[PDB]
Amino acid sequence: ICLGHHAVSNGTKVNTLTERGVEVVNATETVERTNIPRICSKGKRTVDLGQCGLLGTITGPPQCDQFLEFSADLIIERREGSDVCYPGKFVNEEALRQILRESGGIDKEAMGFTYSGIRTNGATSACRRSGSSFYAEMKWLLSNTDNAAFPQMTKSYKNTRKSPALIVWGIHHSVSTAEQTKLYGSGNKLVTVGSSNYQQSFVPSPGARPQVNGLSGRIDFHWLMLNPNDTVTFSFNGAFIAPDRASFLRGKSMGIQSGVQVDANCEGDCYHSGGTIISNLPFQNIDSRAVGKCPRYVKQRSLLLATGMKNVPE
């Protein structure tokens, strides 16, 4: 009586510690290459920011009117998104994004700032609503008349909640020194900001910038996290974009950047801009910057795992 093992006509070459291209009876892939070109979001509270930039949700340009108090497990940023209406940018912008991506969304709260001896309804054609408007969560403070001076004001806000308060403000940089005085009067303008953890100061800087959205002026946005029971104080004399409301983080979420469509028919936990990596495999060769819960990125296209003996034909 003779015994032996099974074999096939066409086996699969795999690699071993000692051989390259040794044929086995059966093998299975270990590196994921199959991408689904959609954001698989089944069962997740998803917010597609679209034209609203993430930072815009805090300040409130017209594109973000529907996102002022969003709530999500999954936040999607889009290339077409803008944080701004009146040309400007955020100092420490990427830190703030990473904070907001995992915030679970934001909850707004009035800071109760009232004013006397100035204006507060400053607007622009860069922020279109009914007509010329401004950042919905901000207030553009000028001097009362077409010139005049700006009273050295002092505003404070105490965080009365058990969560850190995201505070944001703006420094306005006029096109000219003339424009700066036409708005807030002449002289050295100074904005000072401090908490029980923060310590900084700001000065405007009028000058000609290139035109963006039709305007050659810029607004400098700044932010800080105000701890519970801690107070922030704004000392200013012009060129100051005041916060109207503060922001609080709702909970927990994951934020991605993507160009593909949302799909509530598929579930996924590993995302990249080109879609969702749905896989049980330990490794992937699709995108090294995939985020969420993913197989490890490896540079190899393929790595076959033997699921059978060495294939030895007649």
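The first residue of the sequence shown is number 1, and the count goes up from there.
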item: Selected stretch [higher average CA B-factor]: 73-81 or 215-223; value: 215-223
item: Mean C-alpha B-factor comparison - 134-142 and 199-207, higher one; value: 199-207
item: Identity of residue with top Cα B-factor, from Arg20, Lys299, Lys293, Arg296; value: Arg20
item: Top Cα B factor in the deposited entry, candidates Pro151, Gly88, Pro164, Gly104; value: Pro151
item: Modelled-residue ranking by C-alpha temperature factor, third containing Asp230; value: highest
item: Assigned third (lowest, middle, highest) for the C-alpha B factor of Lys108; value: middle
item: Chain-relative CA temperature factor third for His172; value: middle
item: Chain thirds of CA B-factor: placement of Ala123; value: middle
item: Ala242 CA temperature factor, ranked by third within the chain; value: middle
